[PDB]
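Structure below is final.cif: mmCIF, C-alpha atoms.
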data_structure
#
loop_
_atom_site.label_atom_id
_atom_site.label_comp_id
_atom_site.auth_asym_id
_atom_site.auth_seq_id
_atom_site.Cartn_x
_atom_site.Cartn_y
_atom_site.Cartn_z
CA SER L 1856 -105.43 -105.02 -66.16
CA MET L 1857 -108.83 -103.99 -64.69
CA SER L 1858 -110.06 -100.79 -66.41
CA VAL L 1859 -106.65 -100.56 -68.23
CA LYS L 1860 -106.67 -101.55 -71.87
CA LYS L 1861 -104.50 -101.11 -74.92
CA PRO L 1862 -106.20 -99.36 -77.83
CA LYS L 1863 -108.88 -101.69 -79.48
CA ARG L 1864 -107.53 -103.40 -82.69
CA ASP L 1865 -110.24 -103.78 -85.35
CA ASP L 1866 -110.87 -107.54 -85.51
CA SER L 1867 -114.15 -107.31 -87.48
CA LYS L 1868 -112.59 -108.49 -90.80
CA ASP L 1869 -110.47 -111.31 -89.33
CA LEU L 1870 -113.05 -114.02 -90.16
CA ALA L 1871 -113.29 -112.97 -93.79
CA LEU L 1872 -109.58 -112.56 -94.17
CA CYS L 1873 -108.74 -116.02 -92.59
CA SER L 1874 -111.28 -117.45 -95.08
CA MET L 1875 -109.46 -115.85 -98.00
CA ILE L 1876 -106.09 -117.16 -96.80
CA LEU L 1877 -107.58 -120.62 -96.40
CA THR L 1878 -109.00 -120.41 -99.96
CA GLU L 1879 -105.59 -119.57 -101.25
CA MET L 1880 -104.09 -122.56 -99.36
CA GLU L 1881 -106.91 -124.83 -100.71
CA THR L 1882 -106.15 -123.89 -104.29
CA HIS L 1883 -102.35 -124.13 -104.16
CA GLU L 1884 -101.16 -127.00 -106.39
CA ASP L 1885 -99.21 -128.50 -103.46
CA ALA L 1886 -102.28 -128.58 -101.14
CA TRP L 1887 -103.30 -132.17 -102.15
CA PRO L 1888 -101.74 -133.93 -99.13
CA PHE L 1889 -103.68 -131.57 -96.79
CA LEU L 1890 -107.17 -131.19 -98.36
CA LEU L 1891 -108.84 -134.00 -96.44
CA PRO L 1892 -108.30 -135.84 -93.19
CA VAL L 1893 -105.68 -138.61 -93.34
CA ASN L 1894 -107.60 -141.92 -93.54
CA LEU L 1895 -106.81 -143.47 -90.18
CA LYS L 1896 -108.02 -146.90 -91.28
CA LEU L 1897 -105.73 -146.89 -94.33
CA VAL L 1898 -102.49 -145.24 -93.18
CA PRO L 1899 -100.59 -147.38 -90.73
CA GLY L 1900 -99.09 -145.57 -87.75
CA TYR L 1901 -100.98 -142.27 -88.27
CA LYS L 1902 -103.60 -142.73 -85.60
CA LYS L 1903 -101.09 -143.61 -82.85
CA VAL L 1904 -98.38 -141.21 -83.81
CA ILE L 1905 -100.27 -137.99 -84.68
CA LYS L 1906 -102.12 -137.05 -81.57
CA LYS L 1907 -104.04 -134.16 -83.15
CA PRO L 1908 -104.79 -134.68 -86.88
CA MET L 1909 -105.69 -131.54 -88.78
CA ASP L 1910 -106.43 -130.79 -92.45
CA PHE L 1911 -107.75 -127.90 -94.52
CA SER L 1912 -111.34 -129.28 -94.81
CA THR L 1913 -111.55 -129.58 -91.01
CA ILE L 1914 -110.18 -126.03 -90.59
CA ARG L 1915 -112.78 -124.85 -93.14
CA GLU L 1916 -115.61 -126.46 -91.17
CA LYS L 1917 -114.34 -125.08 -87.85
CA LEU L 1918 -114.02 -121.63 -89.43
CA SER L 1919 -117.49 -121.69 -90.98
CA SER L 1920 -119.12 -122.81 -87.71
CA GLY L 1921 -117.56 -120.28 -85.32
CA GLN L 1922 -115.23 -122.67 -83.66
CA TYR L 1923 -112.17 -120.31 -83.84
CA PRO L 1924 -112.38 -117.80 -81.00
CA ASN L 1925 -109.68 -115.62 -82.61
CA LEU L 1926 -107.19 -115.46 -85.52
CA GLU L 1927 -104.39 -117.02 -83.37
CA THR L 1928 -106.36 -120.22 -82.80
CA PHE L 1929 -106.87 -120.37 -86.62
CA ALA L 1930 -103.06 -120.01 -87.20
CA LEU L 1931 -102.38 -122.72 -84.64
CA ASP L 1932 -104.51 -125.27 -86.60
CA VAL L 1933 -102.93 -124.30 -89.93
CA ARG L 1934 -99.44 -124.75 -88.42
CA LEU L 1935 -100.56 -128.04 -86.86
CA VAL L 1936 -101.23 -129.36 -90.40
CA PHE L 1937 -97.55 -128.68 -91.25
CA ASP L 1938 -96.14 -129.84 -87.97
CA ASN L 1939 -98.01 -133.10 -88.40
CA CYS L 1940 -96.66 -133.41 -91.92
CA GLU L 1941 -93.05 -132.97 -90.70
CA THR L 1942 -93.58 -135.51 -87.94
CA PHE L 1943 -94.74 -138.22 -90.40
CA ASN L 1944 -92.94 -137.49 -93.68
CA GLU L 1945 -89.30 -137.35 -94.66
CA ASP L 1946 -88.10 -133.85 -95.87
CA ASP L 1947 -86.96 -135.58 -99.08
CA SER L 1948 -90.41 -136.83 -100.23
CA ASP L 1949 -93.11 -135.22 -102.34
CA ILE L 1950 -95.36 -134.77 -99.28
CA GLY L 1951 -92.47 -133.56 -97.05
CA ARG L 1952 -91.59 -130.92 -99.67
CA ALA L 1953 -95.27 -130.01 -100.10
CA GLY L 1954 -95.54 -129.28 -96.38
CA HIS L 1955 -92.51 -127.02 -96.34
CA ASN L 1956 -93.75 -125.17 -99.38
CA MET L 1957 -97.26 -124.68 -97.96
CA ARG L 1958 -95.94 -123.54 -94.56
CA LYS L 1959 -93.86 -120.86 -96.31
CA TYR L 1960 -96.78 -119.82 -98.42
CA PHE L 1961 -99.04 -119.58 -95.39
CA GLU L 1962 -96.58 -117.63 -93.22
CA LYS L 1963 -96.05 -114.97 -95.85
CA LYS L 1964 -99.78 -114.48 -96.36
CA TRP L 1965 -100.24 -114.37 -92.60
CA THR L 1966 -97.55 -111.65 -92.10
CA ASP L 1967 -98.76 -109.63 -95.08
CA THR L 1968 -102.41 -109.77 -94.06
CA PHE L 1969 -102.06 -109.13 -90.29
CA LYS L 1970 -98.45 -107.99 -89.22
#

File written out as structure tokens:
Amino acid sequence: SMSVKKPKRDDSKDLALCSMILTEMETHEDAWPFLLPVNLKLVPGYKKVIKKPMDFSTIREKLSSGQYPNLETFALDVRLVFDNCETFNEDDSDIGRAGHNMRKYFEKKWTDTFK
């Protein structure tokens, strides 16, 4: 509360570390469904159904341009990529499987880097 704070966590490396995680997600062999925005002209139903599209290239641009106020807002956009994927793709599809795999991969890196 006012004049009452928990001890200050060092957040000075968060930006660099989120960048490294994102690089690792970019270079995973199962990243291909997520590298670029879904083409809303060419994929029927996506525009209407997925209210907040997100992809790794868009996260990269937001990250590089100071549009994440903190590491939690960065995690929210990564998870949004996978939540979108589950909303639109059957579990038993290459893309559905890719999203589960990448979510797992992300969550482990996130815990190991920050928790």

Where does the PyMOL selection byres ((chain L and resi 1934) around 12) land in this file, that is, which residues does it pick, as a JSON list (two decimals) with C-alpha atoms, keeping the file's coordinate frame?
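The result, stored in out_24.json:
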[["chain", "number", "residue", "atom", "x", "y", "z"],
["L", 1889, "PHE", "CA", -103.68, -131.57, -96.79],
["L", 1907, "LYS", "CA", -104.04, -134.16, -83.15],
["L", 1908, "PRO", "CA", -104.79, -134.68, -86.88],
["L", 1909, "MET", "CA", -105.69, -131.54, -88.78],
["L", 1910, "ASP", "CA", -106.43, -130.79, -92.45],
["L", 1911, "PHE", "CA", -107.75, -127.90, -94.52],
["L", 1914, "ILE", "CA", -110.18, -126.03, -90.59],
["L", 1927, "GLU", "CA", -104.39, -117.02, -83.37],
["L", 1928, "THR", "CA", -106.36, -120.22, -82.80],
["L", 1929, "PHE", "CA", -106.87, -120.37, -86.62],
["L", 1930, "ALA", "CA", -103.06, -120.01, -87.20],
["L", 1931, "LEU", "CA", -102.38, -122.72, -84.64],
["L", 1932, "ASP", "CA", -104.51, -125.27, -86.60],
["L", 1933, "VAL", "CA", -102.93, -124.30, -89.93],
["L", 1935, "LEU", "CA", -100.56, -128.04, -86.86],
["L", 1936, "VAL", "CA", -101.23, -129.36, -90.40],
["L", 1937, "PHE", "CA", -97.55, -128.68, -91.25],
["L", 1938, "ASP", "CA", -96.14, -129.84, -87.97],
["L", 1939, "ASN", "CA", -98.01, -133.10, -88.40],
["L", 1940, "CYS", "CA", -96.66, -133.41, -91.92],
["L", 1941, "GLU", "CA", -93.05, -132.97, -90.70],
["L", 1954, "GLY", "CA", -95.54, -129.28, -96.38],
["L", 1955, "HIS", "CA", -92.51, -127.02, -96.34],
["L", 1957, "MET", "CA", -97.26, -124.68, -97.96],
["L", 1958, "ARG", "CA", -95.94, -123.54, -94.56],
["L", 1959, "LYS", "CA", -93.86, -120.86, -96.31],
["L", 1960, "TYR", "CA", -96.78, -119.82, -98.42],
["L", 1961, "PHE", "CA", -99.04, -119.58, -95.39],
["L", 1962, "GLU", "CA", -96.58, -117.63, -93.22],
["L", 1965, "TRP", "CA", -100.24, -114.37, -92.60]]

What is the CA of residue 1862 (chain L) to CA of residue 1926 (chain L) distance in Å?
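Spanning CA of residue 1862 (chain L) to CA of residue 1926 (chain L) is a straight-line distance of 17.9 Å.
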
Separation of CA of residue 1869 (chain L) from CA of residue 1968 (chain L), in Å and rounded to one decimal:
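Computed distance, CA of residue 1869 (chain L) to CA of residue 1968 (chain L), equals 9.5 Å.
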
Give me the residues within 8 Å of residue 1913 (chain L) as a list in words, counting all atoms listed in the file and dropping any in the same chain fewer than 4 places off.
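The neighbour list is residues 1891, 1892, 1909 and 1917 of chain L.
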
Any chance you can output those residues with C-alpha atoms as a tab-separated table (two decimals), in the frame of the given file?
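In the end it all went to selection_37.tsv:
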chain	number	residue	atom	x	y	z
L	1891	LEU	CA	-108.84	-134.00	-96.44
L	1892	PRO	CA	-108.30	-135.84	-93.19
L	1909	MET	CA	-105.69	-131.54	-88.78
L	1917	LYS	CA	-114.34	-125.08	-87.85

Nearest to residue 1969 (chain L) among L:1879, L:1945, L:1865, L:1885, with distances taken over all atoms listed in the file: which residue is it?
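Using all atoms listed in the file, the shortest distance to residue 1969 (chain L) belongs to L:1865.
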
In Å, with one decimal, what is the gap from CA of residue 1922 (chain L) to CA of residue 1970 (chain L)?
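Result for CA of residue 1922 (chain L) versus CA of residue 1970 (chain L): 23.0 Å, one decimal.
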